[PDB]
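Below: one structure, written as structure tokens.
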Amino acid sequence: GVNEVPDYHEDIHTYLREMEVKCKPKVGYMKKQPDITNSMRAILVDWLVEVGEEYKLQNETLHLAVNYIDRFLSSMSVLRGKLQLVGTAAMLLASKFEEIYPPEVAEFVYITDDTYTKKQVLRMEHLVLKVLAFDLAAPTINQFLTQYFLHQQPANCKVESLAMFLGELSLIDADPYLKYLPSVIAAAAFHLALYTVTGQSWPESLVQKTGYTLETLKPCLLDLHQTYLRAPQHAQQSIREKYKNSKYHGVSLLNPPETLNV
Amino acid sequence: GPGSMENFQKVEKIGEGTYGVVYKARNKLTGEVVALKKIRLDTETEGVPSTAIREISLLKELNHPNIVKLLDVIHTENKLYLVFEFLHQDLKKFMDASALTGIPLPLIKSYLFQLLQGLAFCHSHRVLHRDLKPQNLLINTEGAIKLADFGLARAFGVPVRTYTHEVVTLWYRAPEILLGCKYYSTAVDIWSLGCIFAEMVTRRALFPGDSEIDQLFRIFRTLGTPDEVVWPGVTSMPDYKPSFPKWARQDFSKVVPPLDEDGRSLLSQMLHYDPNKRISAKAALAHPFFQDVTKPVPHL
Ligand SMILES: OCCn1cc(Br)cn1
Ligand SMILES: OCCn1cc(Br)cn1
Ligand SMILES: OCCn1cc(Br)cn1
Ligand SMILES: OCCn1cc(Br)cn1
Ligand SMILES: OCCn1cc(Br)cn1
Ligand SMILES: OCCn1cc(Br)cn1
Ligand SMILES: OCCn1cc(Br)cn1
């Protein structure tokens, strides 16, 4: 498993843990944002989910972009007219960072329905770079999830996809999920997926690796379990539509468990 | 970043990169000699190049004595200057100046050890270099060698996903890439250092192929054509062909005759076919080759 980098996985995990704390957005930047709301951010993220589906972008790219947006909005006040330009530049930067074949700038302009010019997008690109001080190699929920997946006895695709889906759902709702770190949402997502599919629970081995227990994960878990139950009703549905696709094993069609016994 | 172009004084051109020219420059207030890498964003209709975004973001968190330091980024709206720590020479030029004498074994040993430290640090921080070659390894007057040119580097996840296929200068490129495998990992950087290690001893590239197929054939002719025994899954790989000639593995003492038993051991593990068995930068630091290692200065 050199693909699983056995000589470095622990060093990497430890490092991401440190970086996730340094790249964390301000919990509650929206109260400090005069003209935008969590509702508008949900709309933006859901849109970005559809953009990534359309340009066949990695899941990582979506997660990076959301990170960039939240970090940006943590220090930069933005008018609702401009929120999408931030988002577009975030997704462009994410794509150039993470994708073998990023979509061209023009394609980003096109998906905003000429709301914005090529010149405006590339100028926000620079501004976002300036605000984040090129600090773009951010830990995401997925980077944690993929390592946690290695602890399955044995690997179950349904688990893997369901945990991806739940972690994605959390990107949508700044309240409450801005208050939990990627590593923690990923643990909650993993456990919830594992329990739903196989009945099993957070592995001792992941307690060893992460330090997290069901005790420490419980608050996030209760929030995530709620989001799962109410997801058919949520005003944003792009992620559910996305996760009906066979690519992801149709996991958005699986029934959430009514209780957790936690 | 505290930087502004007025405090720098250009000295001379020192090379070209993937974004334009590199210049040696002097900080006029501190005295510090730096290397400026200019990116002409003006010629860039697609905004800031992906190569630059990766190089800056990745080198911003790689602080290590054997990785070249990004000191600053000056982001004018017209141009982007990357301010780097300055180093006198690259390992390629030094090998050309050290011909007929050869690099002293102590200096090879020092250099390899340092390269392994820098790379271990890269790998430990989720970064693949993906273009290790002597041109991209910089040396100073104090006997330091440092990984440079992160324009092709990539932040990886665990396990790895499919990344770019066009990776690594051909002569330094690992078989798993040549055979078109869905997945490549940290092992591809070790392969490169493997080639570099041989190259430091012989003063010539170990596998100087002109085409992908010629590169493979040269590797196979030196290390033997791999089968399922030495490298399980090889015969299944996208660009494996059963028609491949089947060369015998040559005795490794004949690949690099001047090299001692410990050197041979180490090199053999760096050039193992199977990426899963290839030695890691971290493990290699403990190799007995390095028992008596010191850090002498370049001798020229
Ligand atoms: O300009 C309407 C407000 N708004 C922007 C986004 Br993106 C979502 N809502
Ligand atoms: O309503 C059309 C404009 N718009 C784009 C977003 Br994202 C939200 N609103
Ligand atoms: O809220 C943006 C998503 N995110 C947060 C961290 Br730390 C990494 N990604
Ligand atoms: O926006 C430029 C700030 N900066 C400094 C370094 Br080193 C990298 N980025
Ligand atoms: O506008 C010229 C500023 N400058 C360029 C170099 Br190289 C050093 N200083
Ligand atoms: O060989 C040129 C010297 N040098 C380049 C950089 Br980047 C740092 N130092
Ligand atoms: O690279 C593993 C060592 N080896 C290669 C052949 Br062919 C035989 N042994």
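In order, the protein sequences belong to chains B and A.
Following the deposited numbering, the numbering of the first sequence begins with 171 at its first residue and continues without gaps.
Following the deposited numbering, the numbering of the second sequence begins with -3 at its first residue and continues without gaps.
By construction, the Cβ of each residue, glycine as well, lies at the ideal position given by its N, Cα and C atoms.
Beta-bridge annotation (DSSP): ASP92(A) is not paired with any residue. Per DSSP, reduced to three states, the secondary structure at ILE281(B) is coil, with no helix or strand assignment.
Shown here, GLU42(A) sits in coil according to DSSP, grouped into three states, outside any helix or strand.
Among the residues facing chain A, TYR280(B) is not included, as its CB has no counterpart in that chain under 7 Å away. Within 7 Å of the CB of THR316(B), the CB atoms of chain A belong to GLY153, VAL154 and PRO155, in sequence order along the chain. Within chain A, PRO155 and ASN272 have C-beta atoms less than 8 Å from the C-beta of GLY171(B), given in sequence order.
For the alpha helix (DSSP H) assignment, the uninterrupted runs of no fewer than 4 residues enclosed by the stretch 294 to 379 of chain B are, from N- to C-terminal side, 311 to 319, 327 to 342, 344 to 347 and 352 to 368.
Residue pairing by DSSP places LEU32(A) opposite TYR19(A) and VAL79(A) in a beta bridge.
Residue burial is scored here from C-beta neighbours: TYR168(A) has at least 16 other C-beta atoms within 10 angstroms and is therefore classed as buried.
Classified as exposed, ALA244(A) has fewer than 16 neighbouring CB atoms from the shown chains inside 10 Å of its CB. The C-beta separation of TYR19(A) from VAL7(A) comes to about 7 Å, placing the pair in contact by the 8 Å criterion.
Interface annotation, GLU330(B): not in contact with chain A, CB-CB separation never under 7 Å.
At least one CB atom of chain A sits nearer than 7 Å to the CB of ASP181(B). Any Cβ of chain B closer than 7 Å to the Cβ of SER232(A) would place that residue at the interface, and such an atom is absent.
Around the beta carbon of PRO352(B), 16 or more other beta carbons lie within 10 angstroms, which makes this residue buried. With fewer than three CB-CB distances shorter than 8 Å, the stretch 64 to 74 of chain A does not count as touching the stretch 87 to 99 of chain A. At a cut-off of 7 Å between beta-carbon atoms, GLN313(B) makes contact with chain A. Of all residues in the stretch 51 to 77 of chain A, only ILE52, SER53, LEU54, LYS56, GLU57, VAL69, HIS71 and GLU73 come within less than 8 Å of chain B when Cβ atoms are compared, listed by chain position. Among the bridge pairs identified by DSSP, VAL123(A) is matched with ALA151(A). Counted as a single uninterrupted DSSP element, the beta strand (DSSP E) harbouring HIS71(A) occupies residues 66 to 71. Residue environment analysis places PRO241(A) among the exposed positions, since fewer than 16 neighbouring C-beta atoms fall within 10 angstroms of its C-beta.
By the 16-neighbour rule on beta-carbons within 10 angstroms, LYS412(B) is buried. Distances between the C-beta of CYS177(A) and the heavy atoms of ligand 3 are all 6 Å or more.
Taking 6 Å as the cut-off, the C-beta of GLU57(A) does not count as close to any heavy atom of ligand 3. With the criterion set as a beta carbon lying under 8 Å from some beta carbon of chain A, the stretch 363 to 375 of chain B has no members that meet it. If you draw a straight line from the Cα of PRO292(A) to the Cα of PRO102(A), it is about 7 Å long. Sequence-ordered contacts of the stretch 16 to 45 of chain A with chain B read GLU42, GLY43 and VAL44 [C-beta pairs closer than 7 Å].
Pairing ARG214(A) with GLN131(A), the inter-Cα distance amounts to about 22 Å. For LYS142(A), DSSP records a beta bridge to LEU134(A). With its beta carbon at least 7 Å from every one in chain B, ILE186(A) lies outside the interface.
Ordered by chain, the residues meeting the criterion of a beta-carbon within less than 5 Å of a non-hydrogen atom of ligand 1 are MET210(B), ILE213(B), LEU214(B), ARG250(B), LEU253(B) and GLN254(B). When secondary structure is reduced to three states using DSSP, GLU172(A) falls in the helix class. Contact between the stretch 375 to 390 of chain B and the stretch 220 to 236 of chain B is not established, with fewer than three Cβ pairs separated by less than 8 Å. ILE49(A) reaches chain B at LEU263, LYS266, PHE267, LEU299, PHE304 and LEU306, counting residues in chain order whose Cβ is nearer than 9 Å. Distance from the C-beta of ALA259(B) to the nearest heavy atom of ligand 4 is not below 6 Å.
For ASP177(B), the chain A residues whose C-beta falls within less than 7 Å of its own C-beta are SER276, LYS278 and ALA279, listed in chain order.
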